[PDB]
């Protein structure tokens, strides 16, 4: 009854009033490619590592099952499809989101969305969390806060799914295309701090062909980040 017009992403949608985690459900259940798992609320939503992702009613919490028959080296770009998709959807609602490497979307430096990609077996799970009308943690933001009014959650869903389907189908054909859309919508040319053991700072110059964040340290040394947390305003 939704009448979705997408080719793959959205072929099937499994909606839950409540769930532990759409990503977890997607990983442990046999689902065909393109199936979307979405829930009004998540009780065990999660980000990277052991981080909880607040998922109260009002937001858009979903996961998409993908089976990318592309080289293994390109698989790390799936996160970007999710981030760009969000950026495009926000633009449709007159919101300017900017990507924060490697999986976040910010509006005036406030996190409005996060992406989490996991690969159980040869099946890839693209998880996306976007704040729409829900309450958010301090420092974060939502579409409702940015627009000052309730936004039809289903409208955001249709919009995001439409963008993701187009981005995914193109990615399967022209896998390097997503990098340039990321570069044009990512926060660059600024000093950032890369946390974790062996923490360092430098200018986030760009992302390379593997999607690695290229950092120029003050010494001139160039480092390529594959994973980790980026901090824009750390002081």
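Residue numbers count along the first chain shown, from 1.
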{"query": "Higher-B stretch (mean Cα B-factor, as the entry records it), 43-51 or 65-73", "finding": "65-73"}
{"query": "Greater mean Cα temperature factor according to the PDB record, 162-170 or 198-206", "finding": "198-206"}
{"query": "C-alpha B-factor winner, where the candidates are 121, 102, 85, 129", "finding": "121"}
{"query": "Third of the chain's Cα B-factor distribution that residue 140 belongs to, per the entry", "finding": "highest"}
{"query": "Among modelled residues of the same chain, the CA temperature factor third for residue 109", "finding": "highest"}
{"query": "Lowest, middle or highest third - CA B-factor, residue 18", "finding": "lowest"}
{"query": "Where the record places residue 134 (Cα B-factor, split into thirds across the chain)", "finding": "middle"}
{"query": "Residue 225 CA temperature factor, ranked by third within the chain", "finding": "middle"}
